[PDB]
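Shown here: upload31.csv, CSV, C-alpha atoms.
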chain,number,residue,atom,x,y,z
A,76,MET,CA,166.8,-85.6,-146.2
A,77,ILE,CA,164.6,-85.2,-149.3
A,78,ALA,CA,161.6,-82.9,-148.5
A,79,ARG,CA,159.8,-80.4,-150.7
A,80,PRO,CA,161.7,-77.1,-151.3
A,81,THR,CA,159.9,-74.2,-153.2
A,82,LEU,CA,160.4,-74.2,-157.0
A,83,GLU,CA,161.9,-70.9,-158.3
A,84,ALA,CA,164.2,-70.4,-161.3
A,85,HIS,CA,163.3,-72.8,-164.1
A,86,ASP,CA,165.6,-72.5,-167.2
A,87,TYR,CA,164.9,-76.3,-167.6
A,88,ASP,CA,161.8,-78.1,-166.2
A,89,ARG,CA,162.9,-79.8,-163.0
A,90,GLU,CA,159.6,-81.7,-162.5
A,91,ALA,CA,160.6,-84.1,-165.3
A,92,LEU,CA,163.8,-84.8,-163.5
A,93,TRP,CA,161.8,-85.4,-160.2
A,94,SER,CA,159.2,-87.4,-162.2
A,95,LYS,CA,161.8,-90.0,-163.0
A,96,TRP,CA,162.8,-90.2,-159.3
A,97,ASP,CA,159.1,-90.7,-158.2
A,98,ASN,CA,159.1,-93.7,-160.6
A,99,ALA,CA,162.4,-95.0,-159.3
A,100,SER,CA,162.3,-98.2,-157.3
A,101,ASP,CA,162.5,-98.0,-153.5
A,102,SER,CA,166.0,-99.6,-153.6
A,103,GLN,CA,167.2,-96.9,-155.9
A,104,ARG,CA,166.1,-94.2,-153.4
A,105,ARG,CA,168.1,-96.0,-150.7
A,106,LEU,CA,171.3,-95.7,-152.8
A,107,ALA,CA,170.9,-92.0,-153.3
A,108,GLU,CA,170.2,-91.5,-149.6
A,109,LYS,CA,173.4,-93.3,-148.7
A,110,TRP,CA,175.6,-91.0,-150.9
A,111,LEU,CA,174.0,-87.6,-150.0
A,112,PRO,CA,175.5,-87.3,-146.5
A,113,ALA,CA,179.1,-88.1,-147.7
A,114,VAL,CA,179.1,-85.6,-150.5
A,115,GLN,CA,177.7,-82.8,-148.3
A,116,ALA,CA,180.0,-83.7,-145.5
A,117,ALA,CA,183.1,-83.7,-147.8
A,118,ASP,CA,182.2,-80.2,-148.9
A,119,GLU,CA,182.4,-79.0,-145.3
A,120,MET,CA,185.8,-80.6,-144.9
A,121,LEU,CA,187.2,-78.8,-147.9
A,122,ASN,CA,186.1,-75.4,-146.6
A,123,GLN,CA,188.3,-76.0,-143.5
A,124,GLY,CA,191.3,-76.0,-145.8
A,125,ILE,CA,192.2,-79.6,-144.8
A,126,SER,CA,194.5,-81.5,-147.2
A,127,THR,CA,192.5,-83.5,-149.7
A,128,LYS,CA,194.4,-86.7,-148.8
A,129,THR,CA,193.3,-86.3,-145.1
A,130,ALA,CA,189.9,-85.0,-146.1
A,131,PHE,CA,189.1,-88.0,-148.4
A,132,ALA,CA,190.9,-90.5,-146.1
A,133,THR,CA,188.9,-89.3,-143.0
A,134,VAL,CA,185.5,-89.7,-144.9
A,135,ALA,CA,186.7,-93.1,-146.2
A,136,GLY,CA,187.7,-94.0,-142.7
A,137,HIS,CA,184.4,-92.9,-141.1
A,138,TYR,CA,182.3,-94.1,-144.2
A,139,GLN,CA,182.9,-97.6,-145.5
A,140,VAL,CA,183.1,-96.3,-149.2
A,141,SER,CA,185.9,-96.1,-151.7
A,142,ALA,CA,187.7,-92.7,-151.5
A,143,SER,CA,188.3,-92.6,-155.3
A,144,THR,CA,184.5,-93.2,-156.0
A,145,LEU,CA,183.4,-90.3,-153.7
A,146,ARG,CA,186.0,-88.0,-155.3
A,147,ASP,CA,184.7,-88.7,-158.9
A,148,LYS,CA,181.0,-88.2,-157.7
A,149,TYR,CA,181.8,-84.9,-155.9
A,150,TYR,CA,183.0,-83.2,-159.1
A,151,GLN,CA,180.3,-84.8,-161.2
A,152,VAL,CA,177.5,-83.2,-159.1
A,153,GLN,CA,179.3,-79.9,-159.2
A,154,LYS,CA,177.9,-79.2,-162.7
A,155,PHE,CA,174.4,-80.1,-161.4
A,156,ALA,CA,172.2,-77.9,-159.1
A,157,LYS,CA,173.1,-78.4,-155.4
A,158,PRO,CA,169.5,-79.5,-154.3
A,159,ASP,CA,168.8,-81.8,-157.4
A,160,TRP,CA,171.8,-84.0,-156.1
A,161,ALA,CA,169.4,-86.4,-154.5
A,162,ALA,CA,167.6,-86.8,-157.9
A,163,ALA,CA,171.0,-86.8,-159.8
A,164,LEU,CA,172.2,-89.7,-157.6
A,165,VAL,CA,169.4,-91.8,-159.1
A,166,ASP,CA,171.6,-92.2,-162.1
A,167,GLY,CA,173.8,-95.4,-162.4
A,168,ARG,CA,177.6,-95.0,-162.6
A,169,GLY,CA,179.1,-91.9,-164.2
A,170,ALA,CA,177.9,-91.5,-167.8
A,171,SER,CA,180.6,-92.3,-170.4
A,172,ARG,CA,179.0,-89.9,-172.9
A,173,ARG,CA,180.0,-86.4,-172.0
A,174,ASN,CA,177.4,-84.8,-174.4
How does the structure come out when it is put into structure tokens?
Amino acid sequence: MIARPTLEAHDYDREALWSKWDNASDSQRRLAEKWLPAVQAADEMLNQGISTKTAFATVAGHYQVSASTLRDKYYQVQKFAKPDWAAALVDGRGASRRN
């Protein structure tokens, strides 16, 4: 769950990123909360060396979410810091612009 981890390395200011979250509506926070447990849980399934088809199908079976959607989101947050994922989930659907 979101808490208050110590701020260390800062190549880019992270407070600005969190500042937008603080201004996010309560409903938006709920959406990010819903997708944080599935992405972290999926990572654990991958380290077990389970087939991706079974790994994604099992999460989709336990979680009522589209398997294809979770797969796209998992790689998208890979380029972002692991702890800013809660803030990164405040973004709408994947950004079409890549740069």
Using all atoms listed in the file: which of A:95, A:141, A:101, A:146 has the shortest distance to residue 121 (chain A) = A:146
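If you measure from each of A:106, A:148, A:157, A:126 to residue 170 (chain A) using only C-alpha atoms, the closest one turns out to be A:148.
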message = Using only C-alpha atoms, which protein or nucleic acid residues come within 10 Å of residue 103 (chain A)? Drop anything in the same chain fewer than 5 positions from it, and give the result as a ChimeraX atom specification.
response = /A:96,98,108,164-167
remark   = Students should find that CA of residue 163 (chain A) and CA of residue 138 (chain A) are spaced 20.6 Å
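CA of residue 112 (chain A) lies 15.7 Å from CA of residue 151 (chain A).
For the pair CA of residue 127 (chain A) and CA of residue 149 (chain A), the interatomic distance is 12.4 Å.
With distances restricted to all atoms listed in the file, A:87 is the closest residue to residue 155 (chain A) from A:137, A:125, A:97, A:87.
Ranking A:156, A:142, A:111, A:92 by their shortest atom-to-atom distance to residue 128 (chain A), with all atoms listed in the file included, puts A:142 first.
Of the listed residues A:115, A:123, A:174, A:90, the one whose atoms come nearest to residue 160 (chain A) is A:115, with distances taken using only C-alpha atoms.
Among A:78, A:143, A:136, A:153, the residue with the shortest atom-to-atom distance to residue 93 (chain A), counting all atoms listed in the file, is A:78.
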Could you rebuild region 102-120 of chain A with N, CA and C atoms and give it back as a PDB file, in the coordinates of the input?
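As a result, selection_26.pdb now contains:
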ATOM      1  N   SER A 102     164.531 -99.323-153.769  1.00  0.00           N
ATOM      2  CA  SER A 102     166.000 -99.600-153.600  1.00  0.00           C
ATOM      3  C   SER A 102     166.818 -98.477-154.123  1.00  0.00           C
ATOM      4  N   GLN A 103     166.450 -97.970-155.264  1.00  0.00           N
ATOM      5  CA  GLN A 103     167.200 -96.900-155.900  1.00  0.00           C
ATOM      6  C   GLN A 103     167.243 -95.676-154.925  1.00  0.00           C
ATOM      7  N   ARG A 104     166.130 -95.400-154.311  1.00  0.00           N
ATOM      8  CA  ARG A 104     166.100 -94.200-153.400  1.00  0.00           C
ATOM      9  C   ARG A 104     167.085 -94.466-152.259  1.00  0.00           C
ATOM     10  N   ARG A 105     167.182 -95.674-151.782  1.00  0.00           N
ATOM     11  CA  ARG A 105     168.100 -96.000-150.700  1.00  0.00           C
ATOM     12  C   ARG A 105     169.573 -95.674-151.123  1.00  0.00           C
ATOM     13  N   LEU A 106     169.924 -96.012-152.335  1.00  0.00           N
ATOM     14  CA  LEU A 106     171.300 -95.700-152.800  1.00  0.00           C
ATOM     15  C   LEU A 106     171.588 -94.242-152.749  1.00  0.00           C
ATOM     16  N   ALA A 107     170.706 -93.450-153.299  1.00  0.00           N
ATOM     17  CA  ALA A 107     170.900 -92.000-153.300  1.00  0.00           C
ATOM     18  C   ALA A 107     171.000 -91.468-151.851  1.00  0.00           C
ATOM     19  N   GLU A 108     170.162 -91.974-150.998  1.00  0.00           N
ATOM     20  CA  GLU A 108     170.200 -91.500-149.600  1.00  0.00           C
ATOM     21  C   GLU A 108     171.544 -91.841-148.963  1.00  0.00           C
ATOM     22  N   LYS A 109     172.108 -92.964-149.293  1.00  0.00           N
ATOM     23  CA  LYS A 109     173.400 -93.300-148.700  1.00  0.00           C
ATOM     24  C   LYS A 109     174.536 -92.370-149.152  1.00  0.00           C
ATOM     25  N   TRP A 110     174.532 -91.937-150.390  1.00  0.00           N
ATOM     26  CA  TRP A 110     175.600 -91.000-150.900  1.00  0.00           C
ATOM     27  C   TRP A 110     175.354 -89.533-150.665  1.00  0.00           C
ATOM     28  N   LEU A 111     174.212 -89.128-150.171  1.00  0.00           N
ATOM     29  CA  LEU A 111     174.000 -87.600-150.000  1.00  0.00           C
ATOM     30  C   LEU A 111     174.748 -87.075-148.814  1.00  0.00           C
ATOM     31  N   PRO A 112     174.820 -87.781-147.713  1.00  0.00           N
ATOM     32  CA  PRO A 112     175.500 -87.300-146.500  1.00  0.00           C
ATOM     33  C   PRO A 112     177.065 -87.232-146.686  1.00  0.00           C
ATOM     34  N   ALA A 113     177.620 -88.110-147.479  1.00  0.00           N
ATOM     35  CA  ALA A 113     179.100 -88.100-147.700  1.00  0.00           C
ATOM     36  C   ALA A 113     179.502 -86.942-148.606  1.00  0.00           C
ATOM     37  N   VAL A 114     178.744 -86.678-149.633  1.00  0.00           N
ATOM     38  CA  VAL A 114     179.100 -85.600-150.500  1.00  0.00           C
ATOM     39  C   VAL A 114     178.966 -84.233-149.785  1.00  0.00           C
ATOM     40  N   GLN A 115     177.874 -84.045-149.100  1.00  0.00           N
ATOM     41  CA  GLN A 115     177.700 -82.800-148.300  1.00  0.00           C
ATOM     42  C   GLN A 115     178.728 -82.686-147.226  1.00  0.00           C
ATOM     43  N   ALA A 116     179.011 -83.777-146.563  1.00  0.00           N
ATOM     44  CA  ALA A 116     180.000 -83.700-145.500  1.00  0.00           C
ATOM     45  C   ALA A 116     181.405 -83.411-146.044  1.00  0.00           C
ATOM     46  N   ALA A 117     181.733 -83.978-147.175  1.00  0.00           N
ATOM     47  CA  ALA A 117     183.100 -83.700-147.800  1.00  0.00           C
ATOM     48  C   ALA A 117     183.207 -82.227-148.129  1.00  0.00           C
ATOM     49  N   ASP A 118     182.155 -81.610-148.596  1.00  0.00           N
ATOM     50  CA  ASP A 118     182.200 -80.200-148.900  1.00  0.00           C
ATOM     51  C   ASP A 118     182.637 -79.376-147.704  1.00  0.00           C
ATOM     52  N   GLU A 119     182.062 -79.711-146.580  1.00  0.00           N
ATOM     53  CA  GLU A 119     182.400 -79.000-145.300  1.00  0.00           C
ATOM     54  C   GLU A 119     183.871 -79.202-144.988  1.00  0.00           C
ATOM     55  N   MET A 120     184.369 -80.390-145.185  1.00  0.00           N
ATOM     56  CA  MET A 120     185.800 -80.600-144.900  1.00  0.00           C
ATOM     57  C   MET A 120     186.693 -79.769-145.765  1.00  0.00           C
TER      58      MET A 120
END
